[PDB]
Each structure stands twice: as C-alpha cells, then as structure tokens.
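Below is one structure, written out as structure tokens; the observations come after it.
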There are 2 protein chains.
Amino acid sequence: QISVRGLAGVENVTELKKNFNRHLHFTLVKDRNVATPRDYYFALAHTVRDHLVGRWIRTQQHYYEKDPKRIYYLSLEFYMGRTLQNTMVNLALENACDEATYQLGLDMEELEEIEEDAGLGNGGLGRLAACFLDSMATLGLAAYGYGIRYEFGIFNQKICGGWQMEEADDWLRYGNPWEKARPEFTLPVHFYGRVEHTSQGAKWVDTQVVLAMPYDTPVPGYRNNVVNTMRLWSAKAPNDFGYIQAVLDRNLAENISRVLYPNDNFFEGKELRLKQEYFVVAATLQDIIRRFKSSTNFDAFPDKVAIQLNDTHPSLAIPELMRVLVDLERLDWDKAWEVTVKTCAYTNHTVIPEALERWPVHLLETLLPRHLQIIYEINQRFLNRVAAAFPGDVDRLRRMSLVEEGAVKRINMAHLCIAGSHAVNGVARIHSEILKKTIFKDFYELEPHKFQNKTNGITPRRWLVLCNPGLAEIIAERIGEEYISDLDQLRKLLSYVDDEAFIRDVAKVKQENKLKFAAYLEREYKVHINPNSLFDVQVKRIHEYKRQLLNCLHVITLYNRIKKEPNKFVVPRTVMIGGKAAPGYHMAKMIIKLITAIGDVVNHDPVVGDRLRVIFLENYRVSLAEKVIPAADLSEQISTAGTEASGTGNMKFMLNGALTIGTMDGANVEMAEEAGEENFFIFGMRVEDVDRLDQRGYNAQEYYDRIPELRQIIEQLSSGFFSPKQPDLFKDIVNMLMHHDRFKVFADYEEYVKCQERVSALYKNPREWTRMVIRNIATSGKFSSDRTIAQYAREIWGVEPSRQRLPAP
Amino acid sequence: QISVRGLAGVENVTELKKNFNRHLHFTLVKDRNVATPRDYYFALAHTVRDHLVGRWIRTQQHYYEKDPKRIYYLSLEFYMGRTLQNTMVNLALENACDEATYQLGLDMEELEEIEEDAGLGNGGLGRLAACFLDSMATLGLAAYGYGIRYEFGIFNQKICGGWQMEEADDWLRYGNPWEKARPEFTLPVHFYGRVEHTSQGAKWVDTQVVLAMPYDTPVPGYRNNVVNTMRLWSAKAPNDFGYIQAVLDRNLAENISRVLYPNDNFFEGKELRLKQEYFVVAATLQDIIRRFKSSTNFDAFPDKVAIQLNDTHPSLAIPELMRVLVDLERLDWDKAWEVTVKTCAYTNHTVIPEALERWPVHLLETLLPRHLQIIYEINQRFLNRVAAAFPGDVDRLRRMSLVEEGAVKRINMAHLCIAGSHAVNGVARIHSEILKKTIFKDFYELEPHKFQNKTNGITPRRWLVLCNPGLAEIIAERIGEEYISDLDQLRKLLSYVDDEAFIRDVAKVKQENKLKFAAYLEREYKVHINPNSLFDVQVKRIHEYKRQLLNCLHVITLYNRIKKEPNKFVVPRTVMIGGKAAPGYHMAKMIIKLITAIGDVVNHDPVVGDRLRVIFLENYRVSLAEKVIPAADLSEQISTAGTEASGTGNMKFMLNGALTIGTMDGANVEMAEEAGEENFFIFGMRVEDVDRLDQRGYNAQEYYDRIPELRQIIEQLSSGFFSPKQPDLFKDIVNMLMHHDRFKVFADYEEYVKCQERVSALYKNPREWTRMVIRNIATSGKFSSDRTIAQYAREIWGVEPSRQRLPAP
Ligand SMILES: O=C(N[C@@H]1O[C@H](CO)[C@@H](O)[C@H](O)[C@H]1O)C(F)(F)F
Ligand SMILES: O=C(N[C@@H]1O[C@H](CO)[C@@H](O)[C@H](O)[C@H]1O)C(F)(F)F
Ligand SMILES: *Cc1c(COP(=O)(O)O)cnc(C)c1O
Ligand SMILES: *Cc1c(COP(=O)(O)O)cnc(C)c1O
C-alpha cells in the first residue's frame, strides 16, 4: 500500500466488497464455489465501472448546460490497452480496491492480468490518440474521440520455428464491460450510387446503405471527476437486405468494421480500407451536426466545432462536410468552404513515401462519385489561387495539384488536407521543419500561417504512475504528488542529483523492476535472463527505417569479440528486441527470423555464458510495454535521421529511468536538448549528412571494404553461420544491405559500435549511471501529453484548458 | 389490480422502484431526462431478472446435490415469444411491478410491447418445445432444453400490394437481457475429414473445427421457485483460422448459427441445415457426458440421462452417441448400443411425405464420414434382426432399411430414430394410430412395445393467465387459483353452466377482449372491424394441408349470397386469417395474395356494409397469438383428415372461450371427445372417407359439375373478378384445385358451408352460445402441457414429477 495509490478508507472498502459480491451474484450469475479468476476480474471491473457512470452522466450534462466549443478527434486507430487499472488510478481507487479484494482473499494484480488489451491500433499513431484522450479529459476539454469498433484488432503474434505467425485478436470473446452500446443513435452511411443534377443542386442517388451503430466508452480525467466519451462505430446491415443466401450476405456490409489493417507506415490502397475511412467520417459528421443543431446559421459552426484529422486517414471529412453543407443544407460553395477550413485541422505523422495515401481515381469514382466531383472542384479553385500567386509557374501547378497524373490518376490526400484545413502540424520540431523544407515546401510558400509544430507527448498516468508505482512513489516522497498532472515539476528532482539517499532509491526501484520482469520472463515463456546484466531494449514495430538490423549488427559484433578474447571482461548484457511485422512485409518478417536465429547461436554458446543473451519479446503490445519499459536500462532509438517523425516509445523510456542511445531524429533531438547532450548517447549521421550521402550516392560496398569487423559479419550471414540447415536463408537480407539499403545501416555502424562502448563504460560505474538517469527523469516534463494538448487547444482549437475539479460525483 | 396477479406489498413495491432506478442509472447509463420507453423496458427487465438469479443458482445447486435423472430435450426450434410478463407471472410479481411502475409514472403494458419476440421457431413444433420447458420446470424435473441460438429467427412478414415480403428478424439488435453467455464452457465440433483405421479402433482425422459457445436462459416454473436452463449454442471460428481475407472468412464457420430455416412441414436437404443439425447434437452430447462424469461405467448412463429427440432434426444424436462410446470411450459395440437405445426416445410430428428427412448419402459421406459408417453398421445389424423375425420376407427388408435405394441413395432418418430409441410416440391419439397402421407399420410389427402416444398440450400460464387475465380472474373467483397448475379442475365450472351471473361474466370478458383487439387493429395498421360481429379466426402457418383455401371458398360464398339477396339478414362476421408462408413455397404465397384480393373486393362493396369483413393479420407470431386468440369467437381447424398430426392452436382457442369448427383430425378428435360432440362443430370426411376417395380416385370436376355455388366461385376466380388488372392472376390456384389437389378442398366444401350455417344460427342466441363456450372451457383440462409432460416423465423418461416448492429464494 503506497502513497500515490490513494486512501483505503474503512467506508469505501466495505462498500466495494459489497458491490463486488453483488455483481458476482446478479451480474455474472455465479457463486464463490464455481467462480474462476476471470469471473472475479469481471466482478471487479463492473464494480469500478459503477463509480464511473455517475461522473460520466453529469459531465455530459455539464457540457450540454455550458455548451462549450467541442473538440472532435477523428482517428482510424485508438490503441487503448487495458482499462481496469487506468480507471482506478484516475479515480483514486487503487488502494481501496487492493484492500477490498485482499479481504475477499483475492490478489488484484492477478485479476488485472486477465483483462484483454483493446488493441485497436498498430503502434505509435494509435497509442498517441489514446494518450491524447487521457490528457484532454484531464485538462477539462469537451472532447470526443471518434473511430471504428473493429471486432478484430492488431493480430496476436506467435513465434514458431523462429518465424512470426499471426492469429486473430478476438478481444470481444468474453465481452467488454467498459463499452455501452447505443443502438438508438444508429445512423445510415451511403456507398456507390450515382450523381443526379437537378434544378436546385446535385443529388446522390441509388446508393447502398450501411448502418453505423455507436458504442460509447468512458474516458476519465485524472482525479478531476471529468469523464469524456470515445465513440466507436460498428457496421450493421439494414434489415432491408434465395432467402437464406440474402440473410447470409448481410456479412458483406458488416465486414467494414471487422478488422484493423495491420500496417505501420505503409499505404495499402484496398477498397475495404477506403470504405472504413468513409464509414467513420460519414457517421461522425452526422453526429457532429446533429449535436450542433441542438447547441440555422452555420457561421457559428467553427466557433462551436473543431475537427482534428489524425493523419490523412479521415481526410474525406473535408469533402463530406462540403457535401452536407452544399447538397443538404444548401449553403453557397464559398460560405461552405469558409466554414470547412475554419473547423478542420490536419496533423501529418510521416514523410515516408510508401506511407502517404494516394487513392486511385477509379476507386473514388465508383465508391464515392459525389465526393470525387467535390474534390475536383476544390482542386480547380485551389490551383486558381496558386496561379494567381505564382503567375506562369506551371511546374508548381502540377506539383501542388490534388490530382496526380501518371499511370493511374490518384488523389493525393495530404494535398487535400492542407487545402481544406486552417492549420497543419508536424509532430516534432525537426519533422515540422522537414515538412516546410521538402514535402510541403510549395504549400508553405503559399500559406505560411497554416504551418505549425506540436511535439508529441505521452500520458504520465499510464506511463509512470500505473506501470512504475515504485518510481512514482520515491518521487512523490520528495516533491509531492502535484507532478502527476504537471510533469514540469519533475525539474525539482535536479536538486537531488547529489543526494545519496535518492540515488540509492532510484537504483533500487530499477533493480526491483528488473527482477520483476526477469521473473515474468520465466513464469511466462520460460526464459533465462540474468537480472545483473544491462537490459538493452528495442521495442517498436518491425520496419526497415527503425533499423532493428543495425542493432543486430552490434549484437553479432559483441558476440564475435567475445569469441575472439573469451577471458576478457565485458559488461554483461541482455539484449531484448520485440515488435510485430505487418503480415505482408517480407523483409520485416525476415528480420524477426534473423533475431531469433542469432539468439539460437549466442544463447547456447558455452564460452559466452551469461555475459550475453539475445531475446525476442513475443507479441509486443501496450500491456507488455507497461512491463518491459520500467525494467529497461538502455533505450534503443536508432532510426535513420529524418525518418521517425517523432517517436513516443523514446519518451516512455526516458520517464522510466533508462538512458538513451540514438540518432538525432524525431523527438530524440528535443529530448537531448532538454536533458543536455552530455546526458544522452547520441551518434550517427544528422539529417544533413544523410542528404550529402544521397547527393554523392550511397555505396555500402565502401564500408564493407574498409571495416574488417563488418566484413566478418556479412560473411557469417552469407555462409550460413546463423542458419546451418539453410545456408542461404538470409540471402535477401545481405543483398539488400549490400545493394539497395534505403536506410544506410552500414553508414552508422562504426559510430554506433563506438557509442555502445561508451555506454558499457558508464554502466560499470553504478553511481554515475544513476546520476545521469536522474538528469533524464528530471527533464522529461516537456514530453507530457498534457503539454502537447494544451498547445493544440490554445494554438489550433481556440479553447482554454482547465484543471478545475468538476462538481463531485 | 386483479387477484391472480399476486400481491403488491408496500415492501416489495418500494424495493422494485429502487432497483428499477438503479438499473436505469448504472446499467443503462441514463437519467429520467433522456430515457425513452425502450430504456424503461430494459430497466424493468433487469429488475425482474434479478429476482430470477438467486433461484436459478440454487436450483442448479440442488440438482448437483440430489443428482436426479436428467432430462435433455433436443430441438432445432424453441419458439419462446416474449419473456418479461411470463417471468412476472411465474414469480407472482405482476401486480407489484404494475404498482411500482405506476408510481414511477409509467404504464407497464406499454413497456411490455417493446420487447422483441424470441422467434427461434416456425410454428407448432417450436412452440411445443417452449410450452414443454415451462411444464417441466413447473413439475420440478431436472430438465435442460438444448438448441441453437440463431442470430436471425423466423422472418418478419410485411404485406406489400397484397403480397408477402420477408425481412430479417434482427431480434438481438438492442440486446437480450435474459440470456447469459458462458464462453468458458465452449466446446469444439468437427466436420469433414476422413476415417483412419488403426490397431485399436477407428479415428476421425483431418477435420475442420468450429467452436460451440453456449448461452443460458432461465426457465422459471410456476411459483415453485424452480428455474431450469435452456442452453443455446452459437458458432464461433477458432482464432486458428492474405491475412485480411483469412479473418473475413471466419464468417464461413459462424454462418452455422446465423439463421433459422423458415420451413413448416417441409424438408429442404441443404448442407447448411445438416451442419446445424450436427452442430447442436455434437456440442450437446459432450456437455451431457461431461455433466455425467461429474454425477467409468456407462451402464448407469441410462439411469442418469434421458435424451428426447424432437422429430428427426437431432437424429444424429444416435450415431454420435455411438461414436463417442465406441471410438472415444472404447466400449464394445453391443454395450454401446444397449446404452444408446435406453437413453434415446423419438417423437414423430408428421406423416406428410415432403416433411420427412431423407439425407443424400453423398452429403453425409463428405461431411460426416464416420457417422455414415456407423449408420451402415446399425442398418446391417437391424436388418439381421428383421430377417430373423420374418424369414424370407425380402420386400420387408428393403422397406425397413435405413438406406433408401433409388436415383440417389438416401438415409431415412425416421427409420434410424426408431431403431435406436426405446420409445417412439405420436402427438395425438389418431396420429399415433396412423403411425402404427401405415408409415411405421413394419416397425410396429417388429417391436410393438416401443410405440406410444403422448397427446400434445399447451401451458395454461402463457395461454390463459398471461394472455387472458380477465377470464382467469372470473374463473378464480368461483373455484380458486389451484387450476393454474392443475387444469383438470376447470371441470368444476360445469356446475355453473346455468349460473346467470357466470354466463354474463364469461360473455363480458369476451366482449372486452374483442374491443381491446379491435382497438389494436386501428392503433396499429389502421383497420375498421366491427366489435359486434362474430370473430371468425384462422391463424397458423400457410400450407395447403391447412386448407386456408377452403376458408376462402366459404368467404366468397357468403359474399355472393349477400349480393344475391342484399336486404336479407345475416349474422355479421369479421373473418380473420393470418400466418406466414415459407419464402420458397409458391402456392402458399399465392394463397396470401388471394386472401388480400378477396378483402379488396368485399371490404369496399357498399352493399355489404359492415356485415362482412375480410382481414389478413400481418406477421402472425407468438405475441400476436396472445392478442387475437382471447378475442376469437370461432376457431377454424379445418385440415384434411389425417394431415394435422395434432395441432396446438386448436387447444389455445378452446381454453380461451372460442367454439371450434373443424374436421376429425389430430387433437380435434380428443377435444370433441372431452367436450362432447354436441358442443363442437364437426364436419367433413373422416380419415376412412379420405382413403375410400383415394381408392376410387379423386375427381374435383364432379363437385364442380354438381354444386352451382362452387361453380360460380371458380368462374369468378378464373375470369378475373378478384384481379381486374391481372385476369389470370389466380390461374395456378384454379388449376391446382381442379386437377391436382392432394387435399381435396372441394370434397368437404358442401358440408363445411352447411356447418358454418349452424354456427351462425347459434351465434344469434347469445345465451346458448355462451353456455356451449362454458362447456368447452370446462373440459379443456386434458390439454394442459402439464398432463402431457407428466405422461412423458412416467411412461418414457422414468422419473416422477413434483409440485413441491423449492426451499425459497
Ligand atoms: O504511424 C504513422 N506515423 C507515426 O506517428 C507517430 C505518432 O505521431 C510518430 O511518433 C511516429 O514517429 C510515426 O512513425 C503514420 F501513420 F504516419 F504512418
Ligand atoms: O412441425 C412439424 N409437425 C407439427 O408438430 C406440431 C407439434 O407436435 C403438431 O401440433 C402439428 O400438427 C405438426 O404439423 C414437423 F416438424 F413435423 F413438420
Ligand atoms: C509507445 C508504443 C509504440 C510506439 O513506439 P515507438 O518506438 O515510438 O515506435 C508502439 N507500440 C506500443 C505498444 C507502444 O506502447
Ligand atoms: C400455437 C402456435 C402455432 C400452432 O398453431 P396450429 O394451428 O396448431 O398450426 C403456430 N404459430 C404460433 C405463433 C403459435 O402460437
């Protein structure tokens, strides 16, 4: 029972125990004789949920009364993770429930492990949406998250024979106690059809109809009694439509919300994905307009509504809003456009070419004929403005067009978003600058005022208090609990950098987390890691730009050095790498095989002993991140400079006591700036260096010829040293590294290895390592999503955040 | 507030109101400001459900302790209807909830109309299963109903342009508060594959797996605190099985429990239907064996288990039980067969050839290879016994074989059921006799001891107390409430046949029900019936053997007679016909069109006035039956003698104050016997007369030539009198009646019309009509399903029914 977990008052504990038994009986229809751990988990979940409803109802009633400006965050992904503990934390019910369940003879931690992750996201983009919802509630904003209720989220990853196997994430199998179906608010969504031009306006007719049924999930703010809503739409066929066959084919319409596309930073132009994108936008906008008409001059629309587009996925919101205002409300084009631009804002999350959405015209033409017409009109009017500002610059006109010519005509959704939004932002200072100097340079020159920066952040509730109570406690002991909702206060810890007691406590918490994780590794998965070794961790989606391959080269280097001088001392390390590969990404799947293949050799070499271990963490997800991050010593953030827009895992590691080894990419730059470069392990090419190399031409052979250790590794891979039975198993990997590596792994190899040596040197000095850690934790305040959201609120949405408690429950 | 509805004590009402508000708040997450009638319905449903759980848990605990013989009723259909009122009735909570909701400013009757019917059945067979579950709980039997949870039940019928239109019955859209998902008890079901013969036994391998997830619904007995279980299986794909496509194809496995085949007395040999049949049998038997091993000598299996097969739909239970005992438990064939025969019993529900299941061998061969082998072995051993009992009778061998030769080999499932069951029963005395003299004559000669009769019945709770409180009340006033669970006591009403007060009350209740229904007809559907007319009703599924066409001929006759002598007095009538037609049954759909077509002419003829009205009751279902039956004066039960196995609607009408006009078919024979033929309107050919006609040869032309009035009707139909714009619209109907009428409508026409004249004559004498009604109600006791179930229990299952209250809640 620790401080930050709240009070366990003898009135609340008694009440919780009583309600727990009531739900077990009436809700689950069970008794203590046949109840299983899962039944107990649900009884607790319903009990905690009850405390949420009263606050949920009055929060919504409050917004109705005060009628503030509403913020609508549109996203195709919300990576929520588990909800039980987070709810207890935000309601200050953790110790009380811990005590209550204890008295009932149950271990609450065991029950929490039963909850399924709500994996409605792929990684960074989806988790950001989740942290944002938490911060918006904590800052008292009338915010609504709108998305899709996929019945199958990100697939569960299994490793067989060292290869990734995918299996359906049937997360709703045992039910979801957090959501509340609202079938009464079902809305129709139209597809296909054709456009008819009548006396007064165009009409979209002969369409196929799919119903959108909403499910609401509560989003509690941190101890302020505010509970916002996340509304997720589910596809339903109308009862309108051989009898048997007709009923069975209903599943054709309902497939829209069936599964999440498992791609991270990769565009797949499939019809089903386009349907999902329009589905969420169409249902959401009707809901927004309906709520507004209760709040008909749409001139005040922008004063009461703000729509934030999470990348281009919900970009159809722009032409859909125009369609409704022009075709249905009958506003003149110019007025409708003014309203649209003023309510929409766009956030770009990547500059990688293969990740940008460019939809084939023939697809939109067939699926959304009216929207295509509106997009052409928008393009026509936009290009007229470009032509007026840059007379005779024809090359500029074709570069800025929303319509892309070539093999097949495509619509550049990013161009559409910029043209129809009053603000466009990047997610890290360096990323936002790259947008203005390269990808969106032409647009920045036309409308400089639209471009902004909003550096990403993470919520300190889930990423500190929830996953690392031990650290939150020792910090609270010295500076109070105020920092949990005002992370900048962590700076006060700077005056404890020479405090012998604090140094000891910080190191003790880390050691306990490592023992806790090392245990979990054996209990689940039966591994064999040594808690005394340096925990070197790289967890994130598998992708070539992330460079898990560079990490692999270092691991093999360490192994070869040990085999060369067996009785020479080296700082023991446990290298952990985890992450999922998109099912259709061949190279990513081969990288996973390589990692397990290296472990097969290294982990069973008698000469290596327990000085080096290579472990691939299976099924990396939010719940696993909450376990491994607090236990890490070294955070690997090694993407090629200019490719990771921001990164967020990097922030989680910094807040939890791990030092960082990384490139000057994304938010790493601002992190190093806040902590001081001397307290960061920076290495490799800077963005400018990468450009110079491309000017000259990247030739990997050069590095291979001049670096003996590197040559040895490539020869081991090519000869079958890591794949005896299949000598050429890794031929594709070697071929790519040698002839077509877009991310120049070899170019940063030497500096990476040398930087890693400096990390080992510091680890040998426990006291100085811990002092540097304190320097990092103390300056991580800027990376709280509360800061990020406060900036979006003031600089983009035009609303003031608030910390005032809502009038109790 | 009437007597039979229970007490409304000031302690219970206060408690109900408090729990009602709690559910509205915590469960529905609403407040009195945004709540709609549907929200109030759910708040009440959850409140009533709560009172059911405590009794549900202890009932199951009781069975576990005493370990009585268990009864398993297997059926592919359970036509439950609505559950709220039935639950209140059985728990004696109706007046209390009426008062509680009244104090909350709500009308409970309005809320009850919001509940969706659980239409998991087609008609008679499915409703019988439902009445049986009610009676088994009321008689204290450890019974379990096992079936399939179709996500789409019997389709909702819409009438457009006088034609039937079908629309999906999405009954689970707003959720089902009565069921409790039990995902923890999920079981695997195998399909396809092949058979491998090993050293010790055969093995069924390389199968496709589909999971069966159970949902439990409580079944409360009448005021005895017993709550049994109805377990319905739902199909789930294993998470085992392009990534996207693979996930979308999961719906291929889950289609098994998607929709109920909408056929009544018609066999459709489709693969999907076969999968549904094995699915329910496979999951159920594993559940049964699992529960048994807790209760390994299977010799005691028949002493602890009874499996009742509702027709041949679950017939695969026989070979599946053999498969498990022989292949899995490793019992010798002879021992396994002894156990199987002793635990299984089969109930036949029809003699109509097109309704009997005869599955093509090639289907079983591909879908269930091991079962086909077992069926061949059973057939081989069975025929060996036949050959030994009737040496040299080769014709007998081919007639009795389970394998039917011909175009395509088929398995006669009825033969399989008789061979593998220790008891076979018909559902009405005349039907059971027909089985022994015709269809199953050979089997009866071989094993006479197996054949029995169990005349159908209906539950007096739903079919009297629930739907006709007014009548239940006036009856209770004179003889007490004991008859509700001992219907034979209604005989005491015979001593009131000359009681002027009772006569007046019986007639008053009927008039009130008629006004109540006449109102509903306008409020919903905007009709124009006259409450003073005789309510002539025929409601049941549309089928040629039911002869809705004969009724049509009478209606047209009445119309023509009025047009012939306009100013002659005739007893006013409101003829109501309702029922659904199977989607693929052309003739049935044409009959519906004919009925609406007749109404279009008759209802708008100025000369007819309000002396005759023809109304087609749309979407006939259980909830509608509860409204129209209590309001009927005349019950039409006119199937051709020997075609309606029993009928159950006939019993509902008799118990509710309507007189019956019908043929000596099914249970009509026993009803007339109980009430006295003088108190019934019997007409037409008897079974023997139908046979004589077939011997001679049925020639409809003869009747057409000798009956002028009949000739006129056929000429009106043929000339387009009832279809001006489409003169030959009813050509198919006329052609069938004249050249290929298997049910000889013309043969009973004259006697039918004359009998109808006798009905009108009696109606003109209110006092004598009511006295005959009292004679019917008073002798309807034999038709209580409590009597039927008591007989199944004692003569087939070997268990004693009980009326003892269970040790409170
Ligand atoms: O997932 C995408 N972008 C991702 O967004 C997150 C959140 O801003 C960033 O931290 C990360 O660097 C970036 O790759 C996308 F969609 F752009 F490909
Ligand atoms: O539905 C069928 N049979 C029906 O069963 C009910 C219930 O016993 C009888 O009352 C009815 O007469 C009969 O047609 C079936 F399945 F046999 F076609
Ligand atoms: C935070 C998080 C991410 C993002 O990690 P990066 O290293 O920024 O790519 C991805 N997946 C999960 C489950 C996360 O919690
Ligand atoms: C009782 C009932 C039936 C059976 O009626 P019969 O006239 O015996 O065919 C059919 N449908 C419903 C909804 C019923 O309640």
Side-chain angles (χ1 to χ4, degrees), chain A residues 79 81 117 119 121-128 130-131 154 264-265 456 458 462-463 538-541 543 546 578-580 620-626 628-629 635-637 639 644-653 666-667, chain B residues 76-77 79 81 117 119 121-132 154 263-267 310-313 347-352 354-357 426-428 431 454-456 458 462-463 538-541 543 545-546 578-580 620-626 628-629 635-637 639 643-653 665-667:
Chain A
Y79 207 160
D117 271 31
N122 277 282
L125 179 66
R127 180 55 229 176
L128 186 75
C131 288
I154 183 61
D264 189 276
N265 273 273
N456 279 171
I458 54 175
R462 180 176 298 272
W463 300 111
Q538 182 177 203
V539 287
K540 60 222 297 112
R541 286 293 296 263
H543 197 299
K546 307 272 198 183
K580 291 169 181 177
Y620 180 60
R621 54 193 186 296
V622 174
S623 70
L624 187 59
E626 293 169 2
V628 70
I629 294 180
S635 167
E636 303 268 358
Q637 306 298 330
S639 51
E644 191 70 272
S646 170
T648 49
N650 49 184
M651 300 170 192
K652 305 171 192 173
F653 280 98
Chain B
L76 261 76
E77 303 186 18
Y79 207 160
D117 271 31
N122 277 282
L125 179 66
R127 180 55 229 176
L128 186 75
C131 288
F132 278 7
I154 183 61
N263 300 303
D264 189 276
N265 273 273
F266 188 73
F267 172 60
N310 199 25
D311 208 74
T312 62
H313 310 162
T347 298
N348 166 278
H349 298 266
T350 190
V351 299
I352 289 176
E354 61 265 46
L356 301 180
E357 297 194 292
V427 292
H431 168 59
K454 293 290 169 289
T455 300
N456 279 171
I458 54 175
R462 180 176 298 272
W463 300 111
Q538 182 177 203
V539 287
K540 60 222 297 112
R541 286 293 296 263
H543 197 299
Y545 89 83
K546 307 272 198 183
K580 291 169 181 177
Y620 180 60
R621 54 193 186 296
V622 174
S623 70
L624 187 59
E626 293 169 2
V628 70
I629 294 180
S635 167
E636 303 268 358
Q637 306 298 330
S639 51
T643 60
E644 191 70 272
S646 170
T648 49
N650 49 184
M651 300 170 192
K652 305 171 192 173
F653 280 98
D665 198 17

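In what follows, every chain begins at residue 1, and chains take the letters A, B, ... in the order their sequences are listed. Ligands are counted one by one from 1 in listed order, and the atoms in each one are counted from 1 as well. Hydrogens, waters and symmetry mates play no part in the numbers below; they use all other heavy atoms, side chains included.
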Within-4.5 Å side-chain heavy-atom neighbours: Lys540(B) and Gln637(B): yes

Contacting atoms of ligand 4, where contact means under 4.0 angstrom from a heavy atom of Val622(B): 13 (C)

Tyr79(B) side, atom OH; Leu125(B) side, atom CG - distance, nearest 0.5 Å: 13.0 Å

Check: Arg127(B) and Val622(B) side chains under 4.5 Å, non-hydrogen atoms: yes

Audit row: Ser646(B), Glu644(B), side chain to side chain donor-acceptor pair (under 3.5 Å) steps and yes/no: CA-CA 5 Å; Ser646(B) 170; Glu644(B) 191 70 272; over 6 Å; no

CD1 on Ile629(B) to CZ on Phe653(B), rounded to 0.5 Å: 4.5 Å

Smallest separation among heavy atoms of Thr350(B) and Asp311(B), with atom names: N-OD1, 4.4 Å

Location of contacts on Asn456(B) toward ligand 2, heavy atoms closer than 4.0 Å: side chain

N or O pair under 3.5 Å between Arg541(B) and ligand 4: no

Closest approach of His313(B) to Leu76(B) (non-hydrogen atoms, all atoms of both residues): CB-CD1, 3.7 Å

Side chain to side chain, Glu636(A) and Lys546(A), heavy atoms closer than 4.5 Å: no

Proximal ligand 4 atoms for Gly647(B), defined as those under 4.0 Å from one of its heavy atoms: 8 (O)

Residue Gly124(A) vicinity, atoms of ligand 3 by number, heavy atom under 4.0 Å: 3 (C), 4 (C), 10 (C)

Closest protein heavy atom (residue, atom, distance) for atom 7 (O) of ligand 4: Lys540(B) NZ, 2.7 Å

Taking atom 12 (O) of ligand 2 as the reference point, the nearest protein heavy atom with its distance: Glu644(B) OE1, 2.7 Å

Where ligand 4 meets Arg621(B) - atom numbers and elements under 4.0 angstrom, heavy-atom basis: 13 (C)

Nearest non-hydrogen partners of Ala667(A) and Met651(A), listed with the distance: CB-CE, 3.5 Å

Polar atom proximity, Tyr79(B) to ligand 4 (N or O, under 3.5 Å): no

Proximity flag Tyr545(B) to ligand 2, non-hydrogen atoms under 4.0 Å: yes

Distance-only polar pair, side chains of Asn348(B) and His431(B), donor-acceptor under 3.5 Å: yes

Mode of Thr350(B) contact toward ligand 2 - side chain, backbone, both, neither (heavy atoms, under 4.0 Å): both

Closest protein heavy atom to atom 6 (P) of ligand 3, given as residue, atom name and distance to 0.1 Å: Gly649(A) N, 3.6 Å

Sub-4.0 Å heavy-atom approach of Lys546(B) to ligand 4: yes

Steps toward side chain to side chain donor-acceptor pair (under 3.5 Å) verdict (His349(B), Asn265(B)): CA-CA 9 Å; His349(B) 298 266; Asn265(B) 273 273; over 6 Å; no

Student check: side-chain heavy atoms of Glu626(A) and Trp463(A) closer than 4.5 Å: yes

Where ligand 4 meets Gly123(B) - atom numbers and elements under 4.0 angstrom, heavy-atom basis: 10 (C), 11 (N)

Taking every non-hydrogen atom, the tightest pair across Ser639(B) and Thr643(B): CB-OG1, 3.7 Å

Nearest-neighbour protein heavy atom for atom 2 (C) of ligand 2, which is reported as residue plus atom name and distance: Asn265(B) ND2, 3.6 Å

Proximity to ligand 4 by part of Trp463(B), non-hydrogen separation under 4.0 Å: side chain

Side chain proximity check, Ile154(B) to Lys580(B), heavy atoms < 4.5 angstrom: yes

Protein contact of atom 16 (F) of ligand 2 - nearest heavy atom, named by residue and atom, plus distance: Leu125(B) CD2, 3.4 Å

Note, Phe267(B) side chain near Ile352(B) side chain (heavy atom, < 4.5 Å): no

Taking atom 12 (C) of ligand 3 as the reference point, the nearest protein heavy atom with its distance: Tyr620(A) CE2, 3.7 Å

Check: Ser646(B) N/O within less than 3.5 Å of ligand 2 N/O: yes

Shortest protein contact, atom 14 (C) of ligand 3 (heavy atom only): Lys652(A) NZ, 2.9 Å

Top protein contact for atom 8 (O) of ligand 3, by heavy-atom distance: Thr648(A) N, 2.7 Å

Check: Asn650(A) N/O within less than 3.5 Å of ligand 3 N/O: no

Atom indices of ligand 2 within 4.0 angstrom of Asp311(B) heavy atoms, with elements: 17 (F)

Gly647(B) neighbourhood, listing ligand 2 atoms whose heavy-atom distance to it stays under 4.0 Å: 9 (C), 10 (O), 11 (C), 12 (O)

Closest protein heavy atom to atom 5 (O) of ligand 2, given as residue, atom name and distance to 0.1 Å: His349(B) CB, 3.5 Å

